[PDB]
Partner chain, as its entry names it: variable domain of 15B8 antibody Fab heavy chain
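Just the one chain here, the form deposited without the partner chain, laid out as structure tokens.
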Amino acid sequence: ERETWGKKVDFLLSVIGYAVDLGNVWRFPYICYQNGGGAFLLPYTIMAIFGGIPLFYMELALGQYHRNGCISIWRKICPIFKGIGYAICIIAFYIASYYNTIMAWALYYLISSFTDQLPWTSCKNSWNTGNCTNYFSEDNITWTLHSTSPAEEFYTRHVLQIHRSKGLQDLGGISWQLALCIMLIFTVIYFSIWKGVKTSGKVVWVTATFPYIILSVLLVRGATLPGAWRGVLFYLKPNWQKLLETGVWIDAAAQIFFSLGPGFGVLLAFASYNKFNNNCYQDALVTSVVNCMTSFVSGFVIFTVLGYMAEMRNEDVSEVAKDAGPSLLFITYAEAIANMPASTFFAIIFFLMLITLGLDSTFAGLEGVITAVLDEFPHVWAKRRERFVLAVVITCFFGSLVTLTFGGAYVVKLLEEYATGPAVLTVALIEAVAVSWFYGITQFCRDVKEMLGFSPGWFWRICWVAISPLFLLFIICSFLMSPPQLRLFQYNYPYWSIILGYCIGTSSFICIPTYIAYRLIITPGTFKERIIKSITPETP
């Protein structure tokens, strides 16, 4: 028999810690500022109500009924789409390649914070070149275009050492400091998810609830600051005319789908361990509302601190938050923390928040892949979950050996934009179409009624058959036609970077058509018999 969760709060906190991550602490406030303001919460809630939330509930109920991973459920839903599972696996190898190393940066920052004076306050250090001017109106104020804040120098010349990498063309060298700081992270991850869901479910009691104990302290500190009101009044001020631009809705859809994550193959893995009669409706509602409210509150703390630091300089906002990426956590917020009264305590606390914020998501992705593979091939890797988790962790670390180089930030951005792009959305769209159209939403509603005790309402069937595919289609058709012009640390990505990104995404996607061709060509029969007997779920 499978290994059930052992306690319901284990499942709740696992999903809650997987939904909240290092992205929505820097990505949601930046996105809310850039795309409107308080007028972005309307498209956020509109694309959450009809978008991420019904897909979230669909995946949870599907996994909890079929009791399989993401490579084996398709044996009893639509056998031709089994390739989806493989695609999901590949996607993890990309995300776990870069996501982990971001936490590595955080860990290094935390190791740097154990000093009486934080290293990114003064700029008389070794890595700190000219063009500093000490920032924050320190002594003589001659802030020019060539000047650079000390935290920027610390991030891009000590933690990253990106100045010894000419660019994405030459990723010269490799940081041994970051290599150690990520070997420790992978040790933590593997020893937290190795024994399965009986240990990875009690670990997330302290890495999915510590970020809240830390957000509370960070919020109470930020709110009682000089310049908090300007930091919030520039976060919730509605640019209503911004709603008229399709980009705002496109971005709200992308944000909700990539913060809830309905389609990465992890919700099925977590829900498959649930008891049969477990209420997935209440779990989906609670762990989606908690995700959305956590994103909102994290935006509050980020913007209150930003407003404080912009009021200290007595200069306007939107030039403080120039950088659109993890730099915001390591260059801007680190600066504002370094100017706080008890700078050391809040630096340590903030980077502990970041590490515990990313750890749950890494646990969840890795365990989704582990469950999928452990269930697809049950005879091999049965009494050896530990060895397979070891192989998964080693493979992820070896794939993360490139983002640890000096041009590490370049590959981190390249994997951040691609990999998790139209490939993930296409996989999720094929999942929604396979369950709702092929397996039939009437049979899915019969399954959900025999589990929960009530058939899904008309809203759920309408949002599963029609609106949710017509939402992933919106995101996909809007990501493909508009190609990004990537940039990071005054580096214009080359021509071949977009080709490399397209190949990165296609490597993930091509798992689906390949398996479709394989199954249609190996199956005996005529021209139509192949598809008719490859759509019907396999008899037990």
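Positions refer to the first chain, counted from 1. Definition used throughout: the rigid core is the maximal C-alpha set that superposes within 1.5 Å between two forms.
Another form, the form solved in complex with the partner chain, is not on view; read the next lines as being about it.
**Q** Determine whether any heavy atom of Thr420 comes within 4.5 Å of a heavy atom of the partner chain in the bound PDB entry, and answer yes or no.
**A** Taking the distances in the bound PDB entry, the answer for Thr420 is no, it never comes within 4.5 Å of the partner chain.
**Q** Using a 4.5 Å heavy atom cut-off, state whether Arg385 contacts the partner chain in the bound PDB entry.
**A** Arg385 lies outside the contact set for the partner chain.
**Q** Although the partner chain is absent from this view, report whether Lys124 comes within 4.5 Å of it in the bound PDB entry, heavy atoms only.
**A** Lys124 belongs to the contact set for the partner chain.
**Q** Is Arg221 near the partner chain? Define near as a heavy atom within 4.5 Å, in the bound PDB entry.
**A** No.
**Q** Please identify the residue among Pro226, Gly130, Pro378, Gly453 with any heavy atom within 4.5 Å of the partner chain in the bound PDB entry.
**A** The residue in contact is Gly130.
**Q** Using a 4.5 Å cut on heavy atoms, which of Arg461, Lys413, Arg75, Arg157 is close to the partner chain in the bound PDB entry?
**A** Only one option qualifies, and that one is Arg157.
**Q** Heavy atoms within 4.5 Å of the partner chain in the bound PDB entry: which stretch in 95-103, 131-139, 389-397, 365-373 meets that?
**A** The contacting stretch here is 131-139.
**Q** Identify which of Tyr135, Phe406, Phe444, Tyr86 has its C-alpha displaced by 2 Å or more between this form and the one not shown once the rigid core is superposed.
**A** Comparing both forms, the shifted residue turns out to be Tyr135.
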